[PDB]
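Just one chain follows, in the form deposited in one PDB entry, and it is written as structure tokens.
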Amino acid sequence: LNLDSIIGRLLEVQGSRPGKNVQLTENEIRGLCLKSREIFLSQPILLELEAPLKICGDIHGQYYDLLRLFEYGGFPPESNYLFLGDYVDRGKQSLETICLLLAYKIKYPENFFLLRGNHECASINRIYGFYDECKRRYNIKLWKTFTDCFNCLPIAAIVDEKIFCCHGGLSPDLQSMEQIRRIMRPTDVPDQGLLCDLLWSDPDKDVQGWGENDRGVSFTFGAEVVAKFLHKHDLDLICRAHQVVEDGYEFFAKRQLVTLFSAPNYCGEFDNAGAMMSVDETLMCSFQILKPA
């Protein structure tokens, strides 16, 4: 596995007009999946990380916006990174996006971290773009290889015992952190339960307790659910993604929860910005932003 040649070819399109492809070989991508799969399984499903680090939200195959994020925050390993999921679907270059993230995960396994989003489930990315991109530019056998790799991704992370990070949000079945550590890998994403909620649920300011979710799966939760959860587990903040927001970041429940979305001009329809959160040594949060077109 010529990791440096793979990374060099991926960063080579820096400065080009967005849309230009990086077509790695079939065997190189297969090696990225298998090797990163081993590292995911060797590390806990509930990561315990330390600040300072940068946290990014949804990317959704917007590869040149991912390159802009590294230009703003520093290419690895100049800064520690935690991504919250949703690397494929919706966008035009899911392949370049996930390949660079897997390559960086292999080269810097203890300074680069990737969480699982709801689009890292096979039933979702079969419909919303990644399957068609794999079938067109490679083959469906490689798509299954990606799927086997996604099945081993960690699902949550706690930064310095104070910031709880996951893709979606909280769960009515989440009573102990040990419930997350007991989840065995590899695994598919069920249509209900704790693992489903951590990848699907959303906060809602017009809901008391647990409500229904407009996505057709999981639940919504209100501000008091967040406050009680933080107090019970001695936490300061819940950091999640999952929802496109106009400013790229959006606080909730008196700045006790923050939503991160790192894909500006989301799939050509929205005029949103993309945000990346910077956590310093004292856990103070600031933002670097890709402003909309």
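Start at 1 with the first residue shown and count on from there.
As for the form deposited with a partner chain bound, it is not shown, yet the points below apply to it.
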Exercise for the section: Answer with yes or no whether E50 is in contact with the partner chain in the bound PDB entry, where contact means some heavy atom within 4.5 Å. Expected result: yes
Exercise for the section: Considering only heavy atoms, tell me if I163 and the partner chain come within 4.5 Å of each other in the bound PDB entry. Expected result: yes
Practice task
Mark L1 yes when one of its heavy atoms lies within 4.5 Å of a heavy atom of the partner chain in the bound PDB entry, and no otherwise.
Solution key: no
Exercise for the section: State yes or no: in the bound PDB entry, is some non-hydrogen atom of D234 no more than 4.5 angstroms from a non-hydrogen atom of the partner chain? Expected result: yes
